[PDB]
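Student: Got a structure for you, questions after.
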Amino acid sequence: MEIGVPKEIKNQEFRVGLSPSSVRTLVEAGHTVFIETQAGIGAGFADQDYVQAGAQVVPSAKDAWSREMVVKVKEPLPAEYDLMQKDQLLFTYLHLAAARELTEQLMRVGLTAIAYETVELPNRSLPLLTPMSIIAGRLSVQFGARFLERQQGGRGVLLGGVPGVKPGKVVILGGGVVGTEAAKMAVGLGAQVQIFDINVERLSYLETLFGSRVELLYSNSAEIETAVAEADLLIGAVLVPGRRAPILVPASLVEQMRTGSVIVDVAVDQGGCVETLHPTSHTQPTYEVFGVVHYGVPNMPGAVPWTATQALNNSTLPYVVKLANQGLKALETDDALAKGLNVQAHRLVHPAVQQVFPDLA
Amino acid sequence: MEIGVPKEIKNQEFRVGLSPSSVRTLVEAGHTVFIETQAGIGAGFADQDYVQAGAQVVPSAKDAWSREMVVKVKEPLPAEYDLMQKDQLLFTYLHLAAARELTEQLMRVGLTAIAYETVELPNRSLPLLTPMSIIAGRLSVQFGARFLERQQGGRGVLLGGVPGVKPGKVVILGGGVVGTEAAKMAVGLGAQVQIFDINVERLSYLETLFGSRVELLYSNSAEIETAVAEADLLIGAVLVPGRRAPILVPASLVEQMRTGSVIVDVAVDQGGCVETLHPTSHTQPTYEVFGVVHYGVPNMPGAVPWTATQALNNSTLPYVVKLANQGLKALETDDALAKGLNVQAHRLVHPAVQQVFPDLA
Amino acid sequence: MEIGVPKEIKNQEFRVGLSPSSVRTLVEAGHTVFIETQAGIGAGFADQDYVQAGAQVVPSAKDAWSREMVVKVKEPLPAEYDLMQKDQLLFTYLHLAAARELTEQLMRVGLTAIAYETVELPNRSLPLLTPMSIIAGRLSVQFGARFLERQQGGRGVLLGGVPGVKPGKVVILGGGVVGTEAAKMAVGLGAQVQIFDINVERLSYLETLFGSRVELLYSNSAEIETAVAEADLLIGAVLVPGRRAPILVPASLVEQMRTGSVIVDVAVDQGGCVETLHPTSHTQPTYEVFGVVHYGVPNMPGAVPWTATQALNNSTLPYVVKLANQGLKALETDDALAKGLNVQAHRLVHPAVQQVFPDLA
Amino acid sequence: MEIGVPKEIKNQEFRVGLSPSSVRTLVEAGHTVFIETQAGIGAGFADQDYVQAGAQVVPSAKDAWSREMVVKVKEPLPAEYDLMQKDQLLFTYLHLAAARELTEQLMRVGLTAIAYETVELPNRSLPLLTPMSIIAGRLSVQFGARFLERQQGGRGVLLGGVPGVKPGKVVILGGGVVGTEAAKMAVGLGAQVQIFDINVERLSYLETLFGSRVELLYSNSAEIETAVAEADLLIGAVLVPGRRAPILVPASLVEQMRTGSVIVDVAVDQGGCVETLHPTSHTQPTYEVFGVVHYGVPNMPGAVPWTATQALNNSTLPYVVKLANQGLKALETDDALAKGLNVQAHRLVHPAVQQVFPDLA
Amino acid sequence: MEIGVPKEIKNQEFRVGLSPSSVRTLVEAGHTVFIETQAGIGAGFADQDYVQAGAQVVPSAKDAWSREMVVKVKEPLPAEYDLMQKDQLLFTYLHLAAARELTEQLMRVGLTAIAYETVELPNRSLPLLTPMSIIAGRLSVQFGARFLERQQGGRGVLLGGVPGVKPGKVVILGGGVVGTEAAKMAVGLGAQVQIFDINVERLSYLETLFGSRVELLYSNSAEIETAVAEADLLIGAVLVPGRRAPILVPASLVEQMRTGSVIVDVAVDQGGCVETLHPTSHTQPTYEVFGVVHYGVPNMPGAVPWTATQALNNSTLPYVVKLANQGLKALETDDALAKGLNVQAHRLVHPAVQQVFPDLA
C-alpha cells in the first residue's frame, strides 16, 4: 500500500511517524512509502537515510497526505484539515475527547481514524502509550536534577551527594511504570529514594527490582506528609490514564517543603496529585510557589525525539504493517486495533469519546 | 580566635567559606566567628542557621574582613582590596599564578595568604581540590544529558535508551577521579560507557569498581578515533593540575562526530584535551562547531552550592581549626599547610608562583 | 509397578532414563526398578549407586525392556525393535514426525508411547523440553568461547578481554529461554552483549534481569545487519519448536562478518535463522564459510550427561510416578500427560503426527 | 618443640589456643603438642579430633602447662600461677597494662611472655587483634537485632522492614574495620544505614565498598545529633586501641532517642563514645536509661568460639610455628614478634607497659 | 461508623488492631474510632499518637467493645465473652477450626465475624496472612543466628564467617514466600545457602532473584539427607496453610546433624516437616534432641509488634474502610470479604469450619 509521512507541524514536536528502519521493513513487505522532505530531521534522520531505506522523499505535505495511509505522531491541525482525504486510514495520537472540532472535522471528511492511545489489549494495557510513559519516568529525574541547580532556581543540591555529604532525597508518588523508571534513574544518580504506592503487591514486586536500596512505603496521608516535607525532588507519577488523580499533595503540604525543592508531575496535562502544579510553556518552564520550583512542561518525551521515535515505532510497527497488508480487515482480525478505531465513515465509533460528545454519537 | 566570613561577591559564586555545622565546631573550640549577613543564603544557609550555631552575624563585609582570619571560597577582588589588613590570615582559593595584581596586592598589605589549592600531602595529593573534582565529574554527565535534549541543541538522545532502543554512548577521556565519578553517573543513567586512560594499573583498579559493565581501554590514537566518532557524549577528564593537557581530540576528529553530539571538558579553564573547546559564559554556555555542541562554562561545582560548601568544609575544617588554635605555628607543625603558604610579610613564598613571577621573588 | 531402564545405545548418548535419586523415590513408592548394568555409567552413576537406591541391576537390555514401563532418554532404535512388548508403557523423547518407520513400528507392536516433548501444559509450555533448552543456552557460549581460540579455528579472542583491551562482542538472536541463558553466560565471562527480539514485552522483562548491562534491541533487519557485522560470536536462539525459523542471517550477511568469528545456532537440527549453518558431526564439528567458523553439532546437552540427566529427571519424575501409580488412568487425570500420548493400541493418536502421516491416521 | 594447650578456665571463655587443623600443621613440622582433655570442646573440637591431628591428649592442666611453649587465648589466672615454669614461652592475650599482679607474677617466674595484642607491623597494624575486631563488628548487628525485639526490651522493630513498611535505621559511629563489618551486616538485613567518620579518605574508600546504598557522613556534632535522635540501633565503633574514645554521644543526646532504641558499643571494656554505656554481665546483659536499651557485655567474639578460634589461629599460626622452630631467636628475625615481647627473664620489656608501671621497669 | 479497638489481652501479644496512621485515614473518611488506653503501647504507639490522629481514647475495654465494629489482631478470649454484642461486626484473626467454644460463643451472640485468615482472592491467595508470613521468614534467620551462639546453646558459629574461615550453612526446606524471605536474610549475613523445593518453576523464579548466589535444589530424599547432615541452621518453610506438611526431616535424619546445629520450623503450630520439633514456650523456647537445638516458639512476628502492626494494617486497611462504609453490603460487593465471613446471625457460614464442626452447621 502507499503510506505517507508528513512532517510534524505542531510546535516543538520533533518526532516523526516512521523511522528509516521502519521504512525499510515496510518496503521489504511490498509497500511504498512517501515521506515529506525534512520530516525526520528533528529526530536525527536525514532524507538520504530515508532514501537508502526505500522511501520516496516528497517535497510537500500535500504529497505526503495524499496517501491511503497516513502515519503520524500528533493529531492533525487545522492547517492540515484540507489535506485530508475521504478514504484514508489515519494512525496517530488523537486525544479526541479533548478536541470537539478535530472530532467533527474527521467526521466530515469520512476517513477512518485509529488512535495510538486507544489500541488496547485484553489486559486493558495500552501498548502504544507505554513507550512514552517509560521515557517520561526516566526524564523526570533528569529534569529534576537540572532544576535543583542553583542557577536554574533550586537549592543547589547534587542528587548523589559526595562521600561525607548527604545525598538528595527523591520522593516518588506512584509505583507504576512511570514511578519505577524514575526510581531507576534516581538510584543511578545515587540519591536516597522513597516510592509510595497503595498497592502492596506492587510494592512487593518493586522489592524484587530494587532489593533494600529504595524505601517502599504504603501511601497513607501521614507518611506522605513527613516524606514530602523532607524532599529535595518530588515526582508525581500517578498517571490515571482517563480521568484525573486525587490530590496527594495539597498546597498546605507544599508550603511545608524546603525552599529550592523541586516538583515534577508527570500527570500535569491530565491533572496531577499536586495541588499547586499547572502546565507551563517552554519559554517559561517553571514557576515558584512558596519558594518551591514547579516544572510543568508537558510531553517530556519530546525532548529526546531520536530515542522517542524509535521507541514508538518499535511498538506501532507491527500494527502499521497489518494495516498496510489487510487494510480495513485488520480490524476484524485484531481486537486491539479494533479498539483503536475512533472515527469511520462519518461516525464517531469510540465508546469513550461518544460518552464525551454524546450528541456526536 | 576571631574568624570572619564575608559574603562571596564574585559573579555567580554562591558558595560560602563556612557552613553552619562548621561554625558550630569552631565555636565549640573557643573561637568566635563573624559572618556577613546573607553570606550563606546562596548555599541555602540562613543567618538564623548561623545564629543557632554560635556565630555573630555582621551587617557588612568590612565587619567580616576586619578579623584575624578570613575564610573564603574565591580570591579577593579589587573591590575588597581596601578591606584587607596587615596581620591577617587569609585562607581561600587564590590561583596566584594567574593574577599578578592580586599577588602584588597581597604583597603590599603584608598578610599571610594560604591557598586551598596548594595545601599538599606527601603523596602530592591536593586534599582541598579533590572534593571539587569529584563534584565536577558527577556534574559532567548531568550537564551532558541536558544538552543532548533536542530543545537544548543536541540530537535528542536519552542516555539510558529504553528496552528495544540503543542507549547513548559516553566516551570518557581520563580514568582518574574526575573520569571515574563521571563513569559512575553515566552507568547510573544506563548509558554504554568507555573510559580511556594511559595507565594500565589505573585501568585495572577501575575494573574492581565497575566489573565488566564499562569498557576499559588504553589510550591510543587509533582507538580514540573510532570511539569518539561514535560518541553521543564526550567527556574530557584529563585534569593535569598545573599545566595543560595534550590534545587527544583535534578538530579533525570533532568534524567526524555525529551532529547533535555533545562535548564537555572538565579541564576547560586550564586547557582541555579537545582542540575546539574554549570557555563560555553562563548566558551563552554552549556553541556549535560542525554541528557538535560545546559546553564550556567553568567551575561546574558552583551549580550545587549547598552540596559543594559542605564538601569543601569537610576537608578544610581540620585546617581551619589548626590555624585558629596555633595561628602561624601551625605551619611548622603541618607540612601540608606549610605548602599552602603563598604570601607572607610582603614576600611571595610559593615556589611555583615565584617561577611565574620570577621578578616578584 | 515394574519399571525398566535400558542403557542408551544411540551414538554419543550418555544420559540415562533415571538417576539414582529418582530410583530411590520410585522404590519408596512401592515400585520396583530394573536397570541394565552400565546404563548410568556415561552420566557418572555406577551400578552400586543404583543398588544403594533400591534398583535391581539387570545384565541385559532384554531384561530392562521386558518391563511394564520403560523409561528412556532417546527413541528406540531398530536394534531394539524386537525387545518391545505389546502392553508396555514407553516414555522417552520420540520425535515421531521425523520417523515414519519408528512410528509404524510402535503401531505394529501396540504399546502405548508417551513422548516427553509433547507433554503440554495449558500455557502450551512443554515442561519436559525446557530443561534441555536451558542447558543448550548455557553451553552455546561455552562452545563459542572454545571456537574463538586460535588453535580451534577462531580469531583468538578472549570474551572478557582484559582491562585496557576490547572485550568480545556476543550477538544473540532471540530473547526467549535459550537466548536468555546464553546472555547470562556471556555476561558472566565479561563480554559485550546484545540480544535481539521482536517482542518488546520480552525485552522489557529482560531488563529486569540484566539492568543496563546488556543491549536490548528490537529485531529489525537494519540493526541486525550492523550488529552481526561487528560480532565475534553470533548465537542463533530462535527455537520455533514445531516448524523452522526465518532467516535472520543470510549468507550475504555472513560474508560481512570478520574472519575468525564464530556462529552457533541452537536451532540447527530443526532449521536455524542463519542461512549458512547446517548440522555437522562430532568428528568434524565445525566448518568455515567466508572465514567464519560454523559449529553445527546438535544436541548440545549431551556434552554434560551428569547435569542433563538430573535436570531431565527433576521434570519427568512426577510424571513417571503418576504413571507408575495409576498406569493408563493417569492420562484421564492428567491433561499434560494425555497430550504426551502419541501411539496406543496400534493407533497413531497424536494430532500433530497424524497431520504428518495423514495416511497413518 | 613441645607445645601445650591447657583448657581456658576464664568464665565464659570457650575458645581454645589451637584448633585441630593448627595442631596438624605443627605436628607436620616435627613438633609435638599436648592438649588438655576437653580443651576444645566449647569451640566444637572433640579430643578425637585432636587425636586424628597428631596431638597427645593430656588429662590435666598441669600436663599442658609443663611444656616449653604454652599457647592460650586469655591471660593466666591466679589459679594457674603455680603451673607456670621458669623457661617457658607464653603466647596469649595478656593485657598487662591492666593487671599489675599478673605482670608481677610473670616477672617472678622468669618466663618470656609474648602478648597477641602487641605483635605489631611496621604499619602499626596489630594483626592478631583484627580477626576479633571483624567478628565483633559483625556481631554488633546480630545482638542489636535481638534487642530491638519486644520480648527482649526494644521497640519491636524488624531491621529490614517489609515492602510498604519503614526499615530500621542503623547509625554507626566510626568507619574503620569494626564499623565497616557492622555496616555489611546491617545492609544485609535490609536496614537503612548511616556511617559517620572524621576521615574523608576513609569515607571515600567506603563508597567503593557500598556504592550509594549506605549514607556516608562526616562526623560533626550537628549531624550526629540529628542522626542519633532518629536511630533504632546505634553502634559505637570507635575503637581507639590504647586509650579511650571521646564522647560522641552524651547522655543529653541519649535522652533524645526513641524509647526501645538500642545501643551497642564495641569499645565498652576500653571506654566508649557513648556517655551512658558501661559494662554489664552475661546474667544481666542490658539496662535502660531513658527507655533506651543498653547492651554492655564485653568480648562479643566469645559468642562464636568455633568461628573465633579458627579466625585467631589463621593469624597466630605462622607465629606459633616460627617460635616452635627458632625458639627465642625468632624475636631477632621477626620485628612484629619482637614487639609482642612483654616480659622476659624477670624484666618488664614492653615500653607501653613500663609507662604504666614505671616502677616496674 | 463507630469502630472500637480494645487492647490485646492474649499473653505476649503486643500488636494492636489499628495503628495511628490507619486511624487517621478512617477518621478522614467520616468514621469515628474509639481505642482503649494503652492499646498501642506494646507496638510503640502512645495514646497521644492516637489523639493526634482523631481517635477518642477510651478508659476501658468495655468502651472499646461496645462499638459496631471491632477491629483486633487475636481471637476474643473467654474474659471478653461478655463484652461482645449482638449486632457487631468483628474483624480479626479467628482460627475457628481450632476453637469449638469460641465458635459456639460467637454463634450464641449472633454478631458477624470476619476472619483475616480466610479473606481470599480468586487466586486462592490469602492477602491478610502474607504480611505475617514475610516477617516470619525474615525472623527465622535472626532467631537461628542467636541460637547458634555458644551461650545460647549452639555450636558458636558466625553465619557469615570471616575471610579465611568457613561461613555457616543454612538449609531451607520450602521455596515459597517464607523460604524466600529467609534466604534473603541468610544471604545478607553472608551464609552459604541451599533452598529445596519440589516445584521447578519456583526454583526457576528464585534464580531470577538470587542468580548463582544460592544453591537451588529439587526436593528429593537423597539430596535432603546429605544437605541436612551438613547444616548449621535448618529452616522448615513448608507452610501448607490448611493441613500439615509431610515429614521431610525424620528423627533419624536429625540424629545425623552436628551437635550445636539449630532447627527452626515456621510451620510449628500447624505441624512441621521436622519430626522432632514441637511448640515451646517463651520461658523455655528451645530444647535439645541429639545435641541439636530446637526452637519452637510460635507466632514469630509477635517479636516485632511495631513492624508487624503496620504491615498488617497496610493490608487490612482497605477492608476495614469498605466495611465501615458499606457495612454488611460490602460482602456482596467484595468476594474476598465474602470469603472471610465465618459466623453470622448465629449460623456458622464458613465451609471449611463447617467441615470441622459438621454438627455445628
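Residues are named by chain letter and number: chains run A, B, ... in the order of the C-alpha cells, numbers start at 1 in each chain, and ligands are numbered from 1 in the order shown.
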Please provide the set of residues having any atom within 6 Å of stretch 209-220 of chain C, restricted to only C-alpha atoms, with same-chain residues fewer than 2 positions apart removed, written as a VMD selection string.
Tutor: (chain B and resid 163 to 165 190 213) or (chain C and resid 193 to 198 206 to 207 222 to 223)
Student: Compile the contact shell of residue E:93 as a list in words: residues with an atom at most 9 Å away, counting only C-alpha atoms, same-chain residues fewer than 2 positions apart removed.
Tutor: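 Counting only C-alpha atoms, the residues come to residues 72, 73, 74, 75, 91, 95, 114, 115, 116, 117 and 118 of chain E.
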Student: Can you spit out the residues from that selection as a PDB file, in the first residue's frame, using N, CA and C atoms?
Tutor:
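Wrote it out as part_4.pdb, contents follow:
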ATOM      1  N   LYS E  72      -9.508  -6.119  65.710  1.00  0.00           N
ATOM      2  CA  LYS E  72      -8.492  -6.708  66.611  1.00  0.00           C
ATOM      3  C   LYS E  72      -7.425  -7.478  65.834  1.00  0.00           C
ATOM      4  N   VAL E  73      -6.460  -8.015  66.564  1.00  0.00           N
ATOM      5  CA  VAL E  73      -5.415  -8.868  65.977  1.00  0.00           C
ATOM      6  C   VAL E  73      -5.721 -10.388  66.253  1.00  0.00           C
ATOM      7  N   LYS E  74      -5.914 -10.728  67.544  1.00  0.00           N
ATOM      8  CA  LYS E  74      -6.178 -12.104  68.001  1.00  0.00           C
ATOM      9  C   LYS E  74      -7.646 -12.377  68.228  1.00  0.00           C
ATOM     10  N   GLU E  75      -7.964 -13.629  68.483  1.00  0.00           N
ATOM     11  CA  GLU E  75      -9.339 -14.017  68.734  1.00  0.00           C
ATOM     12  C   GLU E  75      -9.789 -13.575  70.129  1.00  0.00           C
ATOM     13  N   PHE E  91     -13.745  -8.265  63.243  1.00  0.00           N
ATOM     14  CA  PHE E  91     -12.725  -8.485  62.203  1.00  0.00           C
ATOM     15  C   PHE E  91     -11.366  -8.721  62.883  1.00  0.00           C
ATOM     16  N   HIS E  95      -9.232 -18.322  63.573  1.00  0.00           N
ATOM     17  CA  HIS E  95      -8.780 -19.719  63.633  1.00  0.00           C
ATOM     18  C   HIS E  95      -9.847 -20.586  64.323  1.00  0.00           C
ATOM     19  N   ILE E 114     -15.747 -11.850  60.825  1.00  0.00           N
ATOM     20  CA  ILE E 114     -14.943 -11.965  59.614  1.00  0.00           C
ATOM     21  C   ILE E 114     -13.512 -12.274  60.068  1.00  0.00           C
ATOM     22  N   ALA E 115     -12.944 -13.357  59.543  1.00  0.00           N
ATOM     23  CA  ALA E 115     -11.603 -13.783  59.936  1.00  0.00           C
ATOM     24  C   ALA E 115     -10.575 -13.257  58.930  1.00  0.00           C
ATOM     25  N   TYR E 116      -9.472 -12.680  59.411  1.00  0.00           N
ATOM     26  CA  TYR E 116      -8.448 -12.176  58.476  1.00  0.00           C
ATOM     27  C   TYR E 116      -7.962 -13.315  57.591  1.00  0.00           C
ATOM     28  N   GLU E 117      -7.712 -14.443  58.229  1.00  0.00           N
ATOM     29  CA  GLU E 117      -7.084 -15.560  57.570  1.00  0.00           C
ATOM     30  C   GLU E 117      -7.893 -16.280  56.510  1.00  0.00           C
ATOM     31  N   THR E 118      -9.167 -15.913  56.330  1.00  0.00           N
ATOM     32  CA  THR E 118      -9.978 -16.574  55.274  1.00  0.00           C
ATOM     33  C   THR E 118     -10.387 -15.654  54.127  1.00  0.00           C
TER      34      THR E 118
END
Student: Might you pull out every residue within 8 Å of residue A:268, with only C-alpha atoms counted and same-chain residues fewer than 4 positions away left off, and present them as a list in words?
Tutor: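 Listed by chain and then number, they are residues 272, 277, 278, 279, 296, 297 and 298 of chain A.
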Student: Produce a file of the selected residues containing N, CA, C and O atoms, as a PDB file, in the first residue's frame.
Tutor:
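Output file part.pdb is given in full below:
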ATOM      1  N   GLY A 272      -2.604  16.483  37.976  1.00  0.00           N
ATOM      2  CA  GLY A 272      -1.679  15.812  38.904  1.00  0.00           C
ATOM      3  C   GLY A 272      -2.198  15.542  40.312  1.00  0.00           C
ATOM      4  O   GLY A 272      -3.361  15.788  40.628  1.00  0.00           O
ATOM      5  N   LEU A 277       0.510  22.492  41.050  1.00  0.00           N
ATOM      6  CA  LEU A 277       1.098  22.327  39.753  1.00  0.00           C
ATOM      7  C   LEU A 277       0.141  22.444  38.560  1.00  0.00           C
ATOM      8  O   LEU A 277      -0.885  21.765  38.496  1.00  0.00           O
ATOM      9  N   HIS A 278       0.526  23.302  37.600  1.00  0.00           N
ATOM     10  CA  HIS A 278      -0.220  23.502  36.350  1.00  0.00           C
ATOM     11  C   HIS A 278       0.760  23.508  35.183  1.00  0.00           C
ATOM     12  O   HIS A 278       1.957  23.608  35.383  1.00  0.00           O
ATOM     13  N   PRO A 279       0.250  23.402  33.972  1.00  0.00           N
ATOM     14  CA  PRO A 279       1.108  23.380  32.805  1.00  0.00           C
ATOM     15  C   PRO A 279       1.801  24.696  32.599  1.00  0.00           C
ATOM     16  O   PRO A 279       1.297  25.747  33.004  1.00  0.00           O
ATOM     17  N   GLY A 296       6.340  22.426  34.854  1.00  0.00           N
ATOM     18  CA  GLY A 296       5.065  21.941  34.324  1.00  0.00           C
ATOM     19  C   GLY A 296       4.974  21.793  32.821  1.00  0.00           C
ATOM     20  O   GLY A 296       3.868  21.817  32.263  1.00  0.00           O
ATOM     21  N   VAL A 297       6.112  21.646  32.149  1.00  0.00           N
ATOM     22  CA  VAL A 297       6.077  21.491  30.700  1.00  0.00           C
ATOM     23  C   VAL A 297       5.647  20.069  30.359  1.00  0.00           C
ATOM     24  O   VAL A 297       6.117  19.114  30.934  1.00  0.00           O
ATOM     25  N   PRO A 298       4.692  19.941  29.476  1.00  0.00           N
ATOM     26  CA  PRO A 298       4.170  18.638  29.170  1.00  0.00           C
ATOM     27  C   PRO A 298       4.885  17.989  28.035  1.00  0.00           C
ATOM     28  O   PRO A 298       5.743  18.606  27.370  1.00  0.00           O
TER      29      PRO A 298
END
Student: Give me the residues within 8 Å of stretch 228-236 of chain E as a list in words, counting only C-alpha atoms and dropping any in the same chain fewer than 4 places off.
Tutor: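 Here the answer would be residues 140, 144, 148, 157, 168, 169, 170, 171, 172, 173, 174, 179, 224, 253, 254, 256, 257, 258, 260, 261, 262, 263, 264, 265, 266, 267, 272, 273 and 274 of chain E.
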Student: Selection from above, N, CA, C and O atoms, as a compact mmCIF listing (two decimals), in the first residue's frame, can you write it?
Tutor:
# COMPACT_ATOMS: atom_id res chain seq x y z
N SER E 140 13.16 -15.92 61.06
CA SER E 140 13.71 -17.27 61.25
C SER E 140 15.21 -17.25 61.28
O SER E 140 15.82 -17.99 62.02
N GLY E 144 17.65 -17.93 64.42
CA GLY E 144 18.59 -19.01 64.21
C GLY E 144 19.99 -18.57 64.52
O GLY E 144 20.75 -19.33 65.07
N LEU E 148 22.68 -20.14 67.44
CA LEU E 148 23.95 -20.75 67.04
C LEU E 148 25.11 -20.20 67.96
O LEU E 148 26.26 -20.69 67.91
N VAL E 157 28.71 -20.55 65.96
CA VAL E 157 29.13 -20.32 64.58
C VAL E 157 28.61 -19.00 64.13
O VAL E 157 27.45 -18.71 64.33
N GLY E 168 28.67 -20.16 57.78
CA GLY E 168 27.67 -21.11 58.26
C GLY E 168 26.88 -21.63 57.05
O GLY E 168 26.85 -21.00 56.00
N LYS E 169 26.30 -22.80 57.18
CA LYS E 169 25.49 -23.37 56.12
C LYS E 169 24.03 -23.39 56.57
O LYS E 169 23.68 -23.96 57.62
N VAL E 170 23.18 -22.73 55.78
CA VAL E 170 21.77 -22.64 56.05
C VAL E 170 21.05 -23.43 54.99
O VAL E 170 21.29 -23.25 53.82
N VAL E 171 20.22 -24.37 55.43
CA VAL E 171 19.45 -25.20 54.55
C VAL E 171 17.98 -24.83 54.75
O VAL E 171 17.47 -24.81 55.86
N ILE E 172 17.33 -24.47 53.67
CA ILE E 172 15.94 -24.08 53.76
C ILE E 172 15.04 -25.06 52.98
O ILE E 172 15.21 -25.29 51.76
N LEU E 173 14.08 -25.64 53.69
CA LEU E 173 13.17 -26.58 53.09
C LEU E 173 11.87 -25.85 52.76
O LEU E 173 11.09 -25.50 53.65
N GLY E 174 11.66 -25.57 51.48
CA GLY E 174 10.47 -24.83 51.03
C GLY E 174 10.92 -23.53 50.37
O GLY E 174 11.59 -22.73 50.97
N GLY E 179 10.30 -19.20 52.71
CA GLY E 179 11.65 -19.69 52.45
C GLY E 179 12.45 -18.67 51.67
O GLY E 179 13.65 -18.52 51.84
N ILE E 224 18.25 -34.21 50.21
CA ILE E 224 17.86 -33.67 51.50
C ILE E 224 18.71 -34.25 52.62
O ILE E 224 19.20 -33.51 53.48
N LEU E 253 17.20 -38.51 60.70
CA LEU E 253 17.99 -37.54 59.99
C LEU E 253 18.53 -36.54 61.00
O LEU E 253 19.68 -36.15 60.94
N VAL E 254 17.72 -36.18 61.97
CA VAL E 254 18.15 -35.24 62.98
C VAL E 254 19.33 -35.76 63.76
O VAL E 254 20.25 -35.03 64.08
N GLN E 256 21.63 -37.34 62.67
CA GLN E 256 22.81 -37.25 61.83
C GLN E 256 23.41 -35.82 61.78
O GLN E 256 24.51 -35.61 61.26
N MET E 257 22.69 -34.85 62.31
CA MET E 257 23.17 -33.47 62.29
C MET E 257 24.30 -33.24 63.31
O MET E 257 24.47 -34.00 64.26
N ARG E 258 25.06 -32.18 63.11
CA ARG E 258 26.13 -31.85 64.03
C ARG E 258 25.56 -31.34 65.34
O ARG E 258 24.51 -30.66 65.37
N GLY E 260 24.98 -28.82 68.22
CA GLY E 260 25.02 -27.38 68.25
C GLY E 260 24.34 -26.75 67.04
O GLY E 260 24.19 -25.53 66.98
N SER E 261 23.91 -27.59 66.11
CA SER E 261 23.17 -27.14 64.96
C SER E 261 21.84 -26.68 65.47
O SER E 261 21.39 -27.11 66.53
N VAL E 262 21.17 -25.81 64.72
CA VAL E 262 19.87 -25.35 65.13
C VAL E 262 18.73 -25.53 64.12
O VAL E 262 18.93 -25.43 62.91
N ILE E 263 17.54 -25.84 64.62
CA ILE E 263 16.39 -26.03 63.77
C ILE E 263 15.30 -25.07 64.15
O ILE E 263 14.97 -24.90 65.32
N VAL E 264 14.73 -24.44 63.13
CA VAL E 264 13.62 -23.51 63.29
C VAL E 264 12.56 -23.95 62.26
O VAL E 264 12.88 -24.16 61.10
N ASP E 265 11.33 -24.13 62.68
CA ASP E 265 10.30 -24.52 61.73
C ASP E 265 9.20 -23.58 61.83
O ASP E 265 8.54 -23.48 62.84
N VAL E 266 9.00 -22.85 60.77
CA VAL E 266 7.96 -21.88 60.74
C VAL E 266 6.55 -22.51 60.82
O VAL E 266 5.60 -21.87 61.23
N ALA E 267 6.45 -23.78 60.46
CA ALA E 267 5.16 -24.44 60.48
C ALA E 267 4.81 -25.09 61.85
O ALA E 267 3.83 -25.82 61.94
N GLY E 272 5.08 -29.28 61.46
CA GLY E 272 6.25 -29.08 60.59
C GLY E 272 6.68 -30.26 59.73
O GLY E 272 6.03 -31.30 59.69
N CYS E 273 7.77 -30.06 59.00
CA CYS E 273 8.30 -31.10 58.13
C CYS E 273 9.45 -31.78 58.88
O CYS E 273 10.13 -32.67 58.35
N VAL E 274 9.66 -31.33 60.14
CA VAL E 274 10.69 -31.88 61.02
C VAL E 274 10.05 -32.70 62.11
O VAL E 274 9.31 -32.19 62.97
Student: Once you count only C-alpha atoms, which residues of chain D turn out to be within 6 Å of chain E? Could you give them as number ranges by chain?
Tutor: D: 149-150, 156-158, 185, 188-189, 303-307
Student: Using only C-alpha atoms, which protein or nucleic acid residues come within 9 Å of residue C:59? Drop anything in the same chain fewer than 2 positions from it, and give the result as a tab-separated table (two decimals) with N, CA and C atoms, in the first residue's frame.
Tutor:
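Output file result.tsv is given in full below:
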chain	number	residue	atom	x	y	z
C	35	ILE	N	17.44	-51.93	36.08
C	35	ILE	CA	18.30	-51.14	35.25
C	35	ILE	C	19.44	-51.96	34.68
C	36	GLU	N	19.65	-51.82	33.39
C	36	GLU	CA	20.71	-52.53	32.74
C	36	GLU	C	22.06	-52.07	33.24
C	37	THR	N	22.90	-53.03	33.60
C	37	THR	CA	24.23	-52.72	34.08
C	37	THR	C	24.94	-51.73	33.15
C	38	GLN	N	25.68	-50.78	33.73
C	38	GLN	CA	26.41	-49.78	32.92
C	38	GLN	C	25.49	-48.68	32.33
C	57	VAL	N	19.89	-54.42	39.41
C	57	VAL	CA	20.69	-54.20	38.23
C	57	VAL	C	20.63	-55.46	37.33
C	61	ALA	N	19.88	-55.73	28.15
C	61	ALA	CA	18.82	-54.85	27.67
C	61	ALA	C	17.45	-55.56	27.64
C	62	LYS	N	17.48	-56.83	27.27
C	62	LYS	CA	16.27	-57.62	27.16
C	62	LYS	C	15.56	-57.58	28.47
C	63	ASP	N	16.36	-57.75	29.54
C	63	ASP	CA	15.86	-57.75	30.91
C	63	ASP	C	15.30	-56.40	31.34
C	64	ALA	N	15.82	-55.34	30.73
C	64	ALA	CA	15.35	-53.99	31.02
C	64	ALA	C	14.10	-53.66	30.19
Student: Applying 10 Å and only C-alpha atoms, which residues near stretch 86-88 of chain A remain after dropping the ones on its own chain fewer than 2 positions away? List them as a ChimeraX atom specification.
Tutor: /A:65-70,84,90-91,106-113,344-346
Student: From a backbone DSSP assignment, name each residue in stretch 22-265 of chain E labelled strand (DSSP E or B), as number ranges by chain.
Tutor: E: 32-36, 56-58, 69-71, 89-92, 112-115, 162, 165, 169-173, 192-197, 215-218, 233-236, 249, 262-265
Student: Would you please give, as a list in words, all residues of stretch 176-225 of chain A that DSSP assigns to alpha helix (DSSP H) based on the backbone?
Tutor: residues 177, 178, 179, 180, 181, 182, 183, 184, 185, 186, 187, 188, 200, 201, 202, 203, 204, 205, 206, 207, 208, 209, 210, 221, 222, 223, 224 and 225 of chain A
Student: Counting only C-alpha atoms, which residue out of B:285, B:340, B:327, B:6 sits closest to residue B:71?
Tutor: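 Closest to residue B:71 of all the choices is B:6.
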Student: Which residue, D:241, D:153, D:30, D:78, has the smallest gap to residue D:129 when you use only C-alpha atoms?
Tutor: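 Checking each of D:241, D:153, D:30, D:78 against residue D:129, counting only C-alpha atoms, the winner is D:241.
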Student: Distance atom CA of residue A:270-atom CA of residue E:322, one decimal place?
Tutor: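 Separation of atom CA of residue A:270 and atom CA of residue E:322: 28.3 Å.
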Student: Suppose you want the space between atom CA of residue C:227 and atom CA of residue B:227; what is it in Å?
Tutor: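 Those two atoms sit 16.0 Å apart.
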